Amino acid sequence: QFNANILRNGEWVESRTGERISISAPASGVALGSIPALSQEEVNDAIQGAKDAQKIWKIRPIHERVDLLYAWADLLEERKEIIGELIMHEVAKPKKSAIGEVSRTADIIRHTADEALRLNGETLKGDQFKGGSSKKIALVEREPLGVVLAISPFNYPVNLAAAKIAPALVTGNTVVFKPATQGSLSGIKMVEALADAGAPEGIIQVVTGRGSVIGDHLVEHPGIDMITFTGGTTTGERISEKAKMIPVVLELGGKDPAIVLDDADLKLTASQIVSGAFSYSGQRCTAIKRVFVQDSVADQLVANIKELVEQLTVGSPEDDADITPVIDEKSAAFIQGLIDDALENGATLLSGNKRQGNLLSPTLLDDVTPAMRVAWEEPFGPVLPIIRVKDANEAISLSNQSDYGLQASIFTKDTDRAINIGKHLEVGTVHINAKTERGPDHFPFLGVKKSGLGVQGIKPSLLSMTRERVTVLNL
């Protein structure tokens, strides 16, 4: 198997404490390896090292740092098959979108380097403001914050790790990197390649273990200058609460509404709804989790959707199944408990209320109501609920009633109204006539309300991991 070490100041080490955590494959239950469970003291060592490595790192010329991201991305790509195999086993992701995770990461890395390389400064004259003297000029550059705490979830163990690391590193920051436990092995092998690519000692520090044990020690630590975090809303809110006096970026849970209207292409609506709701078996923060369909077209759409839900494969990740088993029992019983509240309240089961351990069949539900839990709570599994609506006004109200606000879809041939409906939605991104999604990666990515704080995507990521530095000359 894979009994892994962690990177601190350029060497691969274990816990001094000698203790590990076991990592199995969620689909088969089979042993993949282990990771060190690090103490708070080993977390102090990581943080202090990175701090000291940053002072040398910020000084490196900008092209030196981008050359590193480049060398790292090249390495990730030729390891796509292998890092790919690992991811799919570790977190049960279908083989192809798991190999495709590594490629995409490499792409995010280079594009991130490229965009760093053209952050320019700006000059301002004093007198561009009334009063302001004719003879002073402000030179405004961009400065790294210090040490970045980057915490990533299970569902994109490489992509969500690198998308935080890379904009932090290329802008002169150093990183302390905490992968989700399920996902650590893939995080580590990603960092393996960053160091074979010649990364300097201490610039990237990996901390592993008991996210419930070391979690706060990381988030509250004085050596941490900024935090990037992608995960659940609960853990998201605790970080926000327990970090202080530092920039903090959060991308959290979603309950992305799909508003389907009178005059939608129902074939395309159906294809896009399914594809968005059932990708990686519902286990995505950005995904359709809610459909609000006008009554007149409801039956048509619901049959259109049911037909595609029946098409979907369900089985092994090594097979490229559409539906694969969810992450653990915690999750699988939570999903099942959501279908439960729905059924015993009037919901019509249109398809697959089946459960084979962690393998949960693609569940489609009709006649869902405000009264039901599945209407509001992020399941993180392969269950989709359909709500029947009188008009767009009802669809917007129920959209905005969610505490979530990541992305929304509008399906309508009437493009003008679709844009004006979107303005009324309280989310980061609206998608007209298409499924919600984080990519392509150069597009800003954000949620609001309880879905997040801060803005990601290539260039917003770089912008948030730096601050303005001003030198005012007096000619």
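Residue positions are given as counts along the sequence shown, with the first one as 1.
J.: Would you determine, from the values in the PDB entry, which of 231-239 and 310-318 has the greater average C-alpha temperature factor?
T.: Comparing 310-318 with 231-239, the higher mean C-alpha B-factor belongs to 310-318.
J.: Regarding 197-205 and 323-331, which shows the higher C-alpha temperature factor on average in the entry?
T.: For C-alpha atoms only, the mean B-factor is higher in 323-331.
J.: For the listed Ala180, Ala163, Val175, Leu350, which has the peak Cα B-factor recorded in the PDB entry?
T.: Among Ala180, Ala163, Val175, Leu350, the highest C-alpha B-factor in the entry belongs to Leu350.
J.: Would you mind finding, among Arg110, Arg284, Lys255, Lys136, the residue with the largest C-alpha temperature factor in the entry?
T.: So the option with the highest C-alpha B-factor is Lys136.
J.: C-alpha B factor of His217, ranked within the chain: lowest, middle or highest third?
T.: As the PDB entry reports it, the C-alpha B-factor of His217 lands in the middle third of its chain.
J.: Based on the deposited C-alpha B factors for this chain, I'd like to know if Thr466 is in the lowest, middle or highest third.
T.: Its C-alpha B-factor, which the entry lists for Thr466, ranks in the middle third among residues of this chain.
J.: Relative to the other modelled residues in the chain, which third contains the C-alpha temperature factor of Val191: lowest, middle or highest?
T.: Its C-alpha B-factor, which the entry lists for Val191, ranks in the lowest third among residues of this chain.
J.: Based on the entry's values, in what third of the chain does the Cα temperature factor of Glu78 lie: lowest, middle or highest?
T.: Top third by C-alpha B-factor.
J.: Rank-wise, by C-alpha B-factor, drop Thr436 into the lowest, middle or highest third of its chain.
T.: Lowest third.
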